[PDB]
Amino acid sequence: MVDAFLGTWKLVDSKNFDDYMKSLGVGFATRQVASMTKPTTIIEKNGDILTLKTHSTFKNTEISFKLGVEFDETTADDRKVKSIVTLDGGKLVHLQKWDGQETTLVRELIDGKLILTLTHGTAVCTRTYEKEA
């Protein structure tokens, strides 16, 4: 069900990421570096367990999870959140909850590109990833 998401992906477009980061309270110097960074995202499975790596010259993260099972996560901007990832309409939907706040990280495949939509508050960011061979 998740298999078309698997592989190595590189950032090739970003819209409103500064808005999203600012909404989360990320400081200006971090936003400045992140606005110029192009991460590589690696999505792998082993049975029921997905691992999602995000690599860059600035921040690195890695999470492992089972779809539909809550997990603790510490985000790239150091939020300690309760997370769940599911498939919904063919999209990989990652919901993070902390302190009564929520953010969603929604991934969908359009014409072979991975579109990541990040929503927090009113901020909506769209980042496009292309597959590496």
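The first residue of the sequence shown is number 1, and the count goes up from there.
When the C-alpha B-factors of 109-117 and 12-20 are averaged, 109-117 comes out higher.
Stretches compared: 59-67, 25-33. Higher mean C-alpha B-factor in the entry: 25-33.
When the C-alpha B-factors of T41, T75, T51, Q101 are ranked from the entry, the top spot goes to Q101. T86: CA B factor lies in the middle third for its chain, per the PDB record.
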